[PDB]
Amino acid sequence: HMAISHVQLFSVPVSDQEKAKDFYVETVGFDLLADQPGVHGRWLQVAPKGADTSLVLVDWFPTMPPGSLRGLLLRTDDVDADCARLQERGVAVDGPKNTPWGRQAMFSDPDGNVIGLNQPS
């Protein structure tokens, strides 16, 4: 058996890192974990408070153009309240809709990366 415990982090491709930081921290409500020099540019790391797995807002992977990410799903304890919050902050939300795997909504970040919300049923 391997010693891997969890995904530490994964990358979200953005163009303007300042606008992305402000979106994920101020609109989506993530904590800012780090904003410092990194190997290939500015290292900008964000996550929901208390979560094991964090997100890195990157602009240095040519195979990942800005706004190209899909299939990212965030667990929420209150999808309905979260959607209303997003709308009040000027975000176009699609949903929420009941699905077989919880009540879900989606929206986009400033670059067009698609973020999902899911509250299991």
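Residues carry their position along the shown sequence, with the first being 1. Each form is matched to the other, and the largest set of C-alpha atoms that superpose within 1.5 Å is called the rigid core.
Farther on average from this form in 5 other deposited structures of this protein lies stretch 43-51, the comparison being between 43-51 and 80-88 by RMS Cα distance after core superposition. For the pair 18-26 and 108-116, the mean B factor over Cα atoms is greater in 18-26. Looking at 98-106 and 8-16 together, the entry lists the larger mean B-factor for 98-106, computed on C-alpha atoms. Remark: residue 44 belongs to the middle third of its chain, ranked by C-alpha B-factor as recorded. For residue 36, the recorded CA B-factor ranks within the highest third of the chain. Only modelled residues enter the ranking. The entry lists a Cα temperature factor for residue 65 that places it in the middle third of the chain's modelled residues.
Ranked by Cα temperature factor within the chain, residue 80 sits in the middle third according to the deposited record.
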